[PDB]
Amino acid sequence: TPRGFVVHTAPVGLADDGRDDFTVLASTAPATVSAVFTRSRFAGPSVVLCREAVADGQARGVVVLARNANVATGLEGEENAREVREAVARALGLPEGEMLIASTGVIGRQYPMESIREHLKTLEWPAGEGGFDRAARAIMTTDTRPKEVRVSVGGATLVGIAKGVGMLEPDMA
């Protein structure tokens, strides 16, 4: 319902169920971004990159993988983080520092990069806009319901999705 917001979602096999576990949300247009993150001392590579990318206040999208947090994955996990963030950026043709990357689920487990690399090659801007309903679904881990809210403000459309019902007491900055 928000103008210039598309939603990509697709199975990459972060878990063997064929369910949507790989998501990208993007504004077809440049956007001001606000963001706050965990401050864990074990904060994974994804958090670090996101922080950078929101420095200038400019970002347009975010790629979100579920059923793997890519945390405590060492250097290999950092590279996989940069790789996947940059890849998604190039595919939709955007500056690196305008693509955020979020990653939830198992810790200390490497990505399925052969399968993620393969799906990266077919990544295209989706025709038509919307699809928050199925991003809400493709980000879930231990959730039992999808989480999505819609509100209209002075002619604009605001829509939010959320996930997480365990390992859960946020304290972000």
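The first residue of the shown sequence is 1; numbering continues from there.
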Quick check on the record: does 116 to 124 or 63 to 71 carry the larger mean Cα temperature factor?
116 to 124
Mean Cα B factor from the PDB record: higher for 97 to 105, or higher for 74 to 82?
74 to 82
Peak C-alpha temperature factor (PDB record), options 162, 165, 151, 25
151
Looking at the entry's B-factor column for C-alpha atoms only, identify whether residue 37 ranks in the lowest, middle or highest third of its chain.
lowest
Just say lowest, middle or highest third for the CA B-factor of residue 14 relative to the other modelled residues in its chain.
lowest
Considering only modelled residues of the same chain, in which third does the CA B-factor of residue 48 rank: lowest, middle or highest?
lowest
Sorting the chain's modelled residues by C-alpha B-factor, tell me whether residue 139 ends up in the lowest, middle or highest third.
middle
Determine, from the deposited record, the chain-internal third of the Cα B-factor for residue 30: lowest, middle or highest.
highest
